[PDB]
Amino acid sequence: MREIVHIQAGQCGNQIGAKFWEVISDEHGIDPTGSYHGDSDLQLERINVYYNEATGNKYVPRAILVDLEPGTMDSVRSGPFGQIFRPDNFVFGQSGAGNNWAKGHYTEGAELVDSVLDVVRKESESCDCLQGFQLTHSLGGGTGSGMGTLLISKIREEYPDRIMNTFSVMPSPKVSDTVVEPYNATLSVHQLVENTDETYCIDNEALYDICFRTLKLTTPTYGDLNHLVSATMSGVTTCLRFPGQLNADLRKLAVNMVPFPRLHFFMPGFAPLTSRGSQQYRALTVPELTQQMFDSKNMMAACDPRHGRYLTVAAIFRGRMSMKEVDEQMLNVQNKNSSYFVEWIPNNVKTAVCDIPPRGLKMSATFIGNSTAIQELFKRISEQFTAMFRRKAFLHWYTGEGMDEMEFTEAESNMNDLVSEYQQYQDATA
Amino acid sequence: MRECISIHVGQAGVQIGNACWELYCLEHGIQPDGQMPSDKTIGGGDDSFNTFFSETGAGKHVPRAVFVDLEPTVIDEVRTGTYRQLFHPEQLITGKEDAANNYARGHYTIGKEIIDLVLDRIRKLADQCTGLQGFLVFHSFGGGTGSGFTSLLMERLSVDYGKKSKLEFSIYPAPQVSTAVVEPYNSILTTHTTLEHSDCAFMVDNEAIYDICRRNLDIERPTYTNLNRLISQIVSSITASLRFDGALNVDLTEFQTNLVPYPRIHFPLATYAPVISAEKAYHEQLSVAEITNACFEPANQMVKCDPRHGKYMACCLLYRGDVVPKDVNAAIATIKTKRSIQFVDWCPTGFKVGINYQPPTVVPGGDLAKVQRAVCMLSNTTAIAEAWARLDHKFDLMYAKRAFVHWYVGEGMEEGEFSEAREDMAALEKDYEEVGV
Amino acid sequence: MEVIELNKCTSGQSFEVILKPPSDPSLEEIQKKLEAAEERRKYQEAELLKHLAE
Amino acid sequence: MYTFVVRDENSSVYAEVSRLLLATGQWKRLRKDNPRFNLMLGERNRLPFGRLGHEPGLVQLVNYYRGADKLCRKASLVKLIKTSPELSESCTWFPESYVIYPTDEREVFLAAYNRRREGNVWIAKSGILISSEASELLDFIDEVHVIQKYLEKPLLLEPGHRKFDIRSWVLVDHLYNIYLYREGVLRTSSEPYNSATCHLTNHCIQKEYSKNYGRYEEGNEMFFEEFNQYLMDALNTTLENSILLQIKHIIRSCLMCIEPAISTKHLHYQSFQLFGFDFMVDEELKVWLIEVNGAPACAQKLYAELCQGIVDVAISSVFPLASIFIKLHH
Ligand SMILES: Nc1nc2c(ncn2[C@@H]2O[C@H](COP(=O)(O)OP(=O)(O)OP(=O)(O)O)[C@@H](O)[C@H]2O)c(=O)[nH]1
Ligand SMILES: Nc1ncnc2c1ncn2[C@@H]1O[C@H](COP(=O)(O)OP(=O)(O)CP(=O)(O)O)[C@@H](O)[C@H]1O
Ligand SMILES: Nc1nc2c(ncn2[C@@H]2O[C@H](COP(=O)(O)OP(=O)(O)O)[C@@H](O)[C@H]2O)c(=O)[nH]1
Ligand SMILES: [Ca+2]
Ligand SMILES: [Mg+2]
Ligand SMILES: [Mg+2]
Ligand SMILES: [Mg+2]
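Heads up: the sequence lines are chains B, A, E and F, in that order.
Going letter by letter, the first sequence gives residues 1 to 42, 45 to 360, 369 to 440 in the deposited numbering.
Going letter by letter, the second sequence gives residues 1 to 437 in the deposited numbering.
Going letter by letter, the third sequence gives residues 6 to 28, 44 to 74 in the deposited numbering.
Going letter by letter, the fourth sequence gives residues 1 to 103, 126 to 140, 144 to 151, 159 to 175, 179 to 231, 237 to 362, 373 to 380 in the deposited numbering.
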């Protein structure tokens, strides 16, 4: 009965957050009304991790919905699984954040954050043994980015001994809403490096390229992007939601994945890559899963793993398959490409198997890699940042909210430090 | 009659404990009920099996055992399992959140908050002992509880029970089933702290029994259930002398006397044979010579190493089933001429033999086949140091970069304890090399 | 090949064969270590809550 | 793809094997401390045998036999021959030897030495000292050696009246098949053997102290075809009959004696190893064993064929890709 409190902040945060709850509610046999109608006890054995029980055996997501405008949250309440959410956990303002980190972190969001922390507290008090928190948000906007990291800092103050986890969507000009996204992202990363234990880096650059090149979607929507996110999120939380030996809770995952405190930005991967309604008929063989899950084309962060080294890896296979063949294939990857795994962390690849597959598939595999190649992501954001900041472009939006140019300089420097720290261990030898 | 108390710590310790006590009950004819029809002395007894069982006025035979885990799932299965009636609640101790595969978290942070409770529950078993001789402690090297809390428990037992012996059954970490990257850290750390507090420790490498399950039981991908069923047979062989009428290893003190000349070098290598699949339709029963000779094949050892390139300090043969001394000595004579068996100059080249006419009991529906005779060799050979070397190498690789160290420091441990524990292991490897080369 | 100290009973028998002859910390100290580590945790947490206060 | 590591850079033999392996395109060399290897060309000293065979999903092989040093060290070889019943004190192909410590078999050596005086030349090996004076030999040791009977009447090669020793290369695979290389070499002395540089057939001592280095044959090295011919011409016999039968007997006796102690038949890792057996032969065409080398070099013109043989017999046998050897049957 180790509970996780979920928070979703902003448009992006609530969009994927909603899809996340749709997917796993279906995996746990919970319907839009909160009633269980599954055919396996494995579905309810660890249901308490993400759900609260009410009278009539109703299952209520331990989820808090946050935004500075009511737009997306009204869409969620009118969505398929809208009713399932605890109505009082809908915490929203009216002013919006205007894609402005400063508005979310210092002014507009500061006004709303206490209200959110009240709901968090009411949830946490009900917990038998709170593991920690998972946050879904984008880093390119204002609310999810600015207020999201504000929440994280406050939550760490009240719950300093609990694990902080995030699903952070990284901005990309291929799907850009605004030109100030590199600013918001750089300021957010600065917060994440300090105040999170585990961050899944979900790059919109990657999600777009996957949708276009692989899934052959000529005009990718956010729905096409979130089909990939929800599928990844379900996968990385499998070990948390079902019985298992490996990475069964947030802390044990952190201990396995995070050799150094600042280097906790994970590169997720998923196989097989599918589009919505594709409904493919041939299951993949265990060898096929293993080759694809490690393939660059299946990474949700636009980084080439062959350009860096793996510090740690977590692989999760779902569905009825040969655990013997899985072990063999996993051992085969490491032994065939041993150069890409740091030799000074022995046996840094851990594998889990879950009998229950995701809907629409007989076989699937989820990848979680702590690679030094993730620096490519932060480099990219840093280049976009400096291109504008060298001319102090668009800063007036931020100085108008009380921010000083120094705070940008500090944020940039810390991210450039993160990049250099990754490069340090990419060259390190035993 | 002198009582023995079994302490099962962490997931590995508990689940192995479950396997052992299940087996014990079958061997002594005790039911899940806790009833033992053969025991005509009701409510008490001075018998050899009373070393491991106490008796109630109603005639229930209760394991002198305590189960501890900093997380309730595993012990909750015991509370609801087949042998739920066997134990009483105060024996099963559980926390709320585990040590997260972190030695420092199990030793310092969470250990501090439950150590007094456990010792009190242990005290309540000891108060029911007329002549408590010592403790049998089951735990993993790799887990946070198994490593962290055990070392804390071993320190305090030496305080509250200074005169009493303490034996370990330790699970050495193997990647094929390991659940954490830092298990080499935890292993070295708990070995360093526990070394002076343990009189004799039996290491079981999960790698070895994993392959024994693949090779000899034809199990494609062994589970903990497969591993524990086999481990329990080994443990039963080792503890049979404490539970049955005999004259070899009749108390815990005799284990140290017979197998441990030097205190620090208290890690006997266990070897067991035969291991036969219950699915083998046709099987030729193996002779005394054939099973005794198998005790010198690395493929049957609890820890894979090469005793040929080390020296012996002591050896003990523990037979179960149709075995007579004449056939044993005949097998020993033949084996000595064929194999490389060199003792240290200051030890007799000999074997302490123990026979029990009752063949090995096997769990119904288990993977193991019934055999008419089996043996478990306990040999203190310097070759087991190969396992320390492997472990210390993995430790050196990670610690050179201080990888994962922050997780321990954050729990209150000082970075110095790492190098301190590593130094102790460096000396230990040095001791082994002096004695054996 | 000398057998010695042969002991027999209804349950079994034991003996020894020789092929060749030869040729601490107090309870107090423990409580200190657990408490010293506790203070280091409390210090580290205090520095965090100090940093967050800034 | 198979993988291997190199941890002995100063190995001429396995530098060539390493090159040959890569040239197949089916072998990739890793960093020396990468543990996920199929093959290990390990260091000469303190090789970590204890870390081999513990890598799931990897068949691991190494180019050395743990315990083979009992054969390849002077003092250990002596002790092995005297104390092993398979070889026995009554061993007619190994010179009379004794182990002596500076500052032990000193008493036993003198006991037999006094017997000799009433040919009594010996040799002290760790810099070497040949002398009939026991008192001088013992002094040389003090300021661990072996004292061995010096072969006063060696077979002398003509023209030159010069001595020599024979080097045989033996490859033992993971199944303990004993493979004798077709080619051997005679390390010759270029100086006339003087009863009272010309006693030591060492290639280094010859090149440095001999004026006559390389007149009779290339680098004071005679190979088997020439040596065989000479034996037919001069003595009316063959290399096979007069010498090799004894060589094959000695090689088998030594390696079969040690097999139970070093065999990796049922081990979690596997071993092969290249040995170099060094022989003298006397006037009577009687073969003697000098020593065994555990890390032998090869003759320059033989490196290619031998090294390719190691790959075919010892390595490819375990790791199949996509005879120069005489099998000494047991
Ligand atoms: N043989 C055997 N080994 C086990 C078993 N359970 C766990 N292990 C091993 O124990 C090590 C991990 O330690 P655990 O005992 O599971 O962890 P713990 O003692 O509960 O400590 P924490 O969970 O971190 O608080 C790994 O190397 C496992 O392979 C078991 O039932 N049998
Ligand atoms: N017992 C003996 N009787 C006669 N000559 C002997 C002898 N022992 C050694 N020699 C000669 O002295 C030389 C010394 O070589 P030894 O093999 O003893 O040392 P080494 O190990 O330094 C040379 P390598 O390793 O190349 O064979 C021999 O090649 C041989 O020519
Ligand atoms: N994958 C995905 N990304 C989104 C979505 N909505 C916005 N984003 C990304 O998030 C950034 C805009 O942030 P947004 O969530 O709209 O700002 P906020 O609501 O004020 O926190 C841009 O980089 C977008 O690419 C969505 O539904 N899916
Ligand atoms: Ca009784
Ligand atoms: Mg938006
Ligand atoms: Mg546990
Ligand atoms: Mg030599």
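We put the CB at the ideal spot given by N, CA and C, even for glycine.
Around the beta carbon of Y262/A, a 10 Å sphere encloses fewer than 16 other beta carbons of the protein chains shown; the residue is thus reported as exposed. Between the region 273 to 287 of chain A and the region 332 to 343 of chain A, the count of C-beta pairs closer than 8 Å stays below three; the two stretches do not touch. In the three-state DSSP reduction, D44/E falls in the coil class, being neither helix nor strand. Three or more Cβ pairs closer than 8 Å define a contact, and the region 309 to 319 of chain B falls short of that threshold against the region 204 to 212 of chain B. About 6 Å separates the beta carbons of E71/A and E97/A, which is inside the 8 Å limit, making them a contact pair. With contacts defined as CB atoms closer than 8 Å, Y185/A and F404/A qualify as a contacting pair. Between the region 367 to 375 of chain A and the region 311 to 329 of chain A there are three or more inter-stretch CB-CB distances shorter than 8 Å, so the stretches are counted as touching.
With contacts defined as CB atoms closer than 8 Å, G42/F and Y64/F qualify as a contacting pair. Straight-line spacing of the CA atoms in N339/B and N258/A works out to 49 Å.
As for any beta strand (DSSP E) of minimum length 3 sitting wholly inside the region 80 to 110 of chain A, the runs are 92 to 94, ordered along the chain. With a threshold of 16 other beta carbon atoms within 10 Å, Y24/A meets it and is buried. In the structure shown, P360/B adopts coil according to DSSP, grouped into three states.
Residue nearest to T83/F within the set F319/F, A337/F and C294/F is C294/F (criterion: CA-CA distance).
Per DSSP, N258/B lies in no beta strand (DSSP E); the unbroken alpha helix (DSSP H) holding it starts and ends at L252 to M259. DSSP places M301/B in the strand class (E or B) of the three-state scheme.
Only residues of its own chain outside the window of five on either side were considered, and among them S165 have a CB closer than 6 Å to the CB of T253/A, listed in chain order.
Residues lining ligand 7 by the Cβ criterion, that is a Cβ closer than 7 Å to any of its heavy atoms, are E331/F and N333/F in chain order. Relative to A362/F, the option among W27/F, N10/F and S11/F whose CA is nearest is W27/F.
Counting the other CB atoms within 10 Å of its CB gives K40/A a total below 16, which places it among the exposed residues. In the three-state scheme derived from DSSP, where H, G and I count as helix and E and B as strand, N242/F is classed as coil. Within chain A, no C-beta atom comes less than 8 Å from the C-beta of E67/E; the nearest is roughly 12 Å away. Residue environment: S147/A is assigned as buried (16 or more neighbouring CB atoms within 10 Å of its CB, all protein chains considered). Ligand 1 has no heavy atom closer than 7 Å to the beta-carbon of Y108/A.
Inter-segment contact for the region 322 to 337 of chain B and the region 9 to 27 of chain F is absent: fewer than three beta-carbon pairs are separated by less than 8 Å. Under the 8 Å criterion on CB atoms, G50/F is classed as non-interfacial with respect to chain B.
Put simply, the residues with a CB less than 5 Å from any heavy atom of ligand 4 are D39/A, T41/A and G45/A, in chain order.
Between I234/A and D367/A a beta carbon distance of about 14 Å is seen, past the 8 Å cut, so the two are scored as non-contacting. Among the CB atoms of chain B, one or more fall inside 8 Å of the CB of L72/E. If you draw a 10 Å sphere on the C-beta of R243/A, you find 16 or more other C-beta atoms in it, and that means buried. The Cβ atoms of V5/F and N34/F sit closer than 8 Å to each other. Secondary structure of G379/B (DSSP, three-state): strand. When only Cα atoms are considered, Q136/B and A201/A end up about 43 Å apart. The beta-bridge partner set that DSSP reports for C316/A consists of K352/A and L378/A. Rounded to the nearest whole angstrom, the CA to CA distance from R215/A to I231/A is 16 Å. Per DSSP, the beta bridge partners of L314/F are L206/F. When C-beta atoms of the region 83 to 97 of chain A are compared with those of the region 60 to 71 of chain A, three or more pairs fall below 8 Å, so the two segments count as touching.
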